[PDB]
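Shown below, as structure tokens, is a lone chain in the form deposited in one PDB entry; questions about how it binds or moves come after it.
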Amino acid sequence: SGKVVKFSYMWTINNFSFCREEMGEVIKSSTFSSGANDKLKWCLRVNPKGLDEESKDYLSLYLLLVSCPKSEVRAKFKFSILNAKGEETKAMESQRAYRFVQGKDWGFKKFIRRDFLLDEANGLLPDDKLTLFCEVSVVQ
């Protein structure tokens, strides 16, 4: 079977400044698929107020492998924010592929400073909307 081997997931969180999540709490995206017969299932998990105390000043952002047909897959990934014109900003990338076993995440605990993100001058929350962009490439 042919496979979707690279994919870009776009997710807009409305009223981002209004997120009531406390530190440690998560917003989980819808599940998206890739690979042999949509058999790789993924989602994003974001902590608007950081994963933990170390990251209390940041938004934390992770890619989760929800399920896979075998034990694992290896994948490279990149996260960025889209500005009002749909252009990528503040990208962070994994560089190498990471081992995703079923149920495991990988990402950036200190993806972006909350104060920087929330400041209207920086144009990262047009209409108070956060648009995240996740590009994934799965090792074959």
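Rigid core (definition): largest C-alpha set, two forms, superposition within 1.5 Å. In this text, residue numbers run from 1 along the sequence as written.
In what follows, reference is made to the form deposited in another entry, a form of this protein that is not presented.
Please look at 36, 27, 97, 92 and say which one has a C-alpha shift reaching 2 Å or more between this form and the one not shown, core superposed.
The residue that shifts is 36.
Relative to what's shown here, the Cα pair residue 21 and residue 63 differs by 3 Å or more in the other entry. Does it come closer or drift farther?
Farther apart in the other entry, by 3 Å or more.
Indicate closer or farther: the Cα atoms of residue 42 and residue 23, in the other entry, relative to the displayed form, with a change of 3 Å or more.
Compared with the shown chain, residue 42-residue 23 is closer in the other entry.
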